[PDB]
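Asks: Below: one structure in C-alpha cells.
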Amino acid sequence: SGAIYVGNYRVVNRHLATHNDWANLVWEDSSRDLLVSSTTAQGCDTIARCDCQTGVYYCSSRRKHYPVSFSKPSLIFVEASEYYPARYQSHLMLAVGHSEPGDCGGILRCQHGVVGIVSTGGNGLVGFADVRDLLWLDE
Ligand SMILES: COc1cccc(Cl)c1CC(=O)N1CCC[C@H](C(N)=O)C1
Ligand SMILES: [Zn+2]
C-alpha cells in the first residue's frame, strides 16, 4: 500500500484504489496502473521533473529503503492477476531489487522529488509506475 499526496490530489495504484478514490475520481489509466483522486487537505509531497535513472525506493516487505538504477518509462509486458488480464503496462520503469505484491504504493524518489510508485515485480526485479510526465499534478 502507499500513496502520493500532492496539493489537492492523491495518487495511488489503480488496482488498490478505494470506493472513496473512485467517488472523488480525477483521472485513471488502467494501462499505467494509476488513479488520481481529489482531497480536501493539502498534500505533503513534491514531484520530480527530470530524466533521473537513479533513486531510492521504500520496500515495506523489508521495512527498508533501497538505492536503485531504473530504466526509462516504457511499455512492458505484465502477467495476469486478480486485477488485470495479461497486457503491456505503459510508463513503467524496471530496477533490480526486492519486491512482493504488498509492496505496491511504495514511493521511488530521486534528489528532485517523487518519481513514482511500486506497481509490478518478480524474480529480483521491481517495476515503478512513473508520474513525472503528469505536469497537471502541480497546477
Ligand atoms: C510489486 O509487485 C509484485 C512483486 C513480486 C511479485 C508480484 Cl506477482 C508482484 C505483483 C505484481 O507484479 N502485480 C500484481 C498486482 C498488479 C500489478 C500490475 N499489473 O501493475 C502486477
Ligand atoms: Zn531526478
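FYI, nothing fancy with the C-alpha cells labels: chains A, B, ... in order, residues from 1 per chain, ligands from 1 as they appear.
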Write out as a VMD selection string each polymer residue whose atoms come within 10 Å of residue 112 in chain A, counting only C-alpha atoms; drop sequence neighbours fewer than 6 positions from it.
Replies: chain A and resid 46 to 50 52 55
Asks: Considering only C-alpha atoms, return as a list in words whatever protein or nucleic-acid residues lie within 10 Å of residue 83 in chain A, sequence-local ones (same chain, fewer than 2 positions apart) excluded.
Replies: residues 14, 15, 16, 30, 33, 80, 81 and 85 of chain A
Asks: Quick one: residues within 10 Å of residue 42 in chain A, only C-alpha atoms counted, chain neighbours fewer than 6 positions away excluded, as a VMD selection string?
Replies: chain A and resid 5 to 10
Asks: Once you have the residues from the selection above, write them out as a PDB file, in the first residue's frame, restricted to N, CA and C atoms.
Replies:
ATOM      1  N   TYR A   5       0.631  12.284  -2.022  1.00  0.00           N
ATOM      2  CA  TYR A   5      -0.258  13.384  -1.671  1.00  0.00           C
ATOM      3  C   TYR A   5       0.394  14.660  -2.166  1.00  0.00           C
ATOM      4  N   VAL A   6      -0.118  15.249  -3.244  1.00  0.00           N
ATOM      5  CA  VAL A   6       0.448  16.474  -3.820  1.00  0.00           C
ATOM      6  C   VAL A   6      -0.687  17.461  -4.067  1.00  0.00           C
ATOM      7  N   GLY A   7      -0.674  18.581  -3.353  1.00  0.00           N
ATOM      8  CA  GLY A   7      -1.724  19.584  -3.473  1.00  0.00           C
ATOM      9  C   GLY A   7      -3.074  19.004  -3.110  1.00  0.00           C
ATOM     10  N   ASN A   8      -4.082  19.195  -3.969  1.00  0.00           N
ATOM     11  CA  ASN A   8      -5.406  18.626  -3.719  1.00  0.00           C
ATOM     12  C   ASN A   8      -5.601  17.254  -4.373  1.00  0.00           C
ATOM     13  N   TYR A   9      -4.497  16.510  -4.590  1.00  0.00           N
ATOM     14  CA  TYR A   9      -4.528  15.189  -5.237  1.00  0.00           C
ATOM     15  C   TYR A   9      -3.912  14.075  -4.407  1.00  0.00           C
ATOM     16  N   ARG A  10      -4.465  12.869  -4.582  1.00  0.00           N
ATOM     17  CA  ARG A  10      -3.942  11.642  -4.008  1.00  0.00           C
ATOM     18  C   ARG A  10      -3.679  10.707  -5.209  1.00  0.00           C
TER      19      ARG A  10
END
Asks: Looking at only C-alpha atoms and all ligand atoms, which of A:136, A:127, A:100, A:70 is the one that sits closest to ligand 2?
Replies: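 The closest residue to ligand 2 is A:70.
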Asks: If I take CA of residue 44 in chain A and CA of residue 74 in chain A, how far is one from the other in Å, to one decimal?
Replies: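 Spanning CA of residue 44 in chain A to CA of residue 74 in chain A is a straight-line distance of 27.9 Å.
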Asks: Quick one: everything within 6 Å of residue 73 in chain A, counting only C-alpha atoms, minus sequence neighbours fewer than 2 positions away in the same chain. Send it as a PyMOL selection string.
Replies: chain A and resi 91-93
Asks: What would the file look like if the residues just selected were written as a PDB file, in the first residue's frame with C-alpha atoms?
Replies:
ATOM      1  CA  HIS A  91       5.196   4.358 -18.413  1.00  0.00           C
ATOM      2  CA  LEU A  92       6.790   1.512 -16.338  1.00  0.00           C
ATOM      3  CA  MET A  93      10.423   1.601 -15.154  1.00  0.00           C
TER       4      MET A  93
END
Asks: I need the residue nearest residue 29 in chain A from this list: A:99, A:61, A:89, A:111. Use only C-alpha atoms for the distance.
Replies: A:89
Asks: Might you pull out every residue within 8 Å of residue 78 in chain A, with only C-alpha atoms counted and same-chain residues fewer than 4 positions away left off, and present them as JSON, numbers by chain?
Replies: {"A": [86, 87, 88, 89, 120]}
Asks: May I have the selected residues written with N, CA, C and O atoms, as a tab-separated table (two decimals), in the first residue's frame?
Replies:
chain	number	residue	atom	x	y	z
A	86	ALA	N	-3.41	-10.41	-18.91
A	86	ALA	CA	-2.03	-10.23	-19.38
A	86	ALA	C	-2.00	-9.06	-20.41
A	86	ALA	O	-2.91	-8.95	-21.23
A	87	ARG	N	-1.05	-8.11	-20.25
A	87	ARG	CA	-1.06	-6.90	-21.10
A	87	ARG	C	0.28	-6.14	-21.06
A	87	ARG	O	1.16	-6.48	-20.28
A	88	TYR	N	0.40	-5.06	-21.85
A	88	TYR	CA	1.54	-4.17	-21.79
A	88	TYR	C	1.14	-3.01	-20.88
A	88	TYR	O	0.06	-2.44	-21.03
A	89	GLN	N	1.98	-2.72	-19.89
A	89	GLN	CA	1.75	-1.60	-19.00
A	89	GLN	C	2.69	-0.49	-19.45
A	89	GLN	O	3.90	-0.74	-19.62
A	120	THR	N	4.78	-3.15	-10.08
A	120	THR	CA	4.99	-4.55	-10.52
A	120	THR	C	6.29	-5.11	-9.88
A	120	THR	O	7.09	-4.35	-9.36
Asks: Counting only C-alpha atoms and all ligand atoms, figure out which residue out of A:139, A:130, A:82, A:103 gets nearest to ligand 2.
Replies: A:130
Asks: Name the residues of chain A that come out as strand (DSSP E) in a backbone DSSP run; write them as a PyMOL selection string.
Replies: chain A and resi 4-13+25-29+34-44+54-59+64-69+74-78+87-96+107-110+113-122+125-130
Asks: Would you compute the distance between CA of residue 107 in chain A and CA of residue 125 in chain A? Give it in Å to one decimal.
Replies: 15.5 Å
Asks: If we count only C-alpha atoms, what is near residue 106 in chain A at a cut-off of 10 Å, once residues fewer than 3 positions away on the same chain are taken out, given as a PyMOL selection string?
Replies: chain A and resi 1-4+12-13+57-60+65+99+102-103+109+116-119+128
Asks: As a PyMOL selection string, please: every residue in range 14-132 of chain A that a backbone DSSP assignment puts in alpha helix (DSSP H).
Replies: chain A and resi 19-23
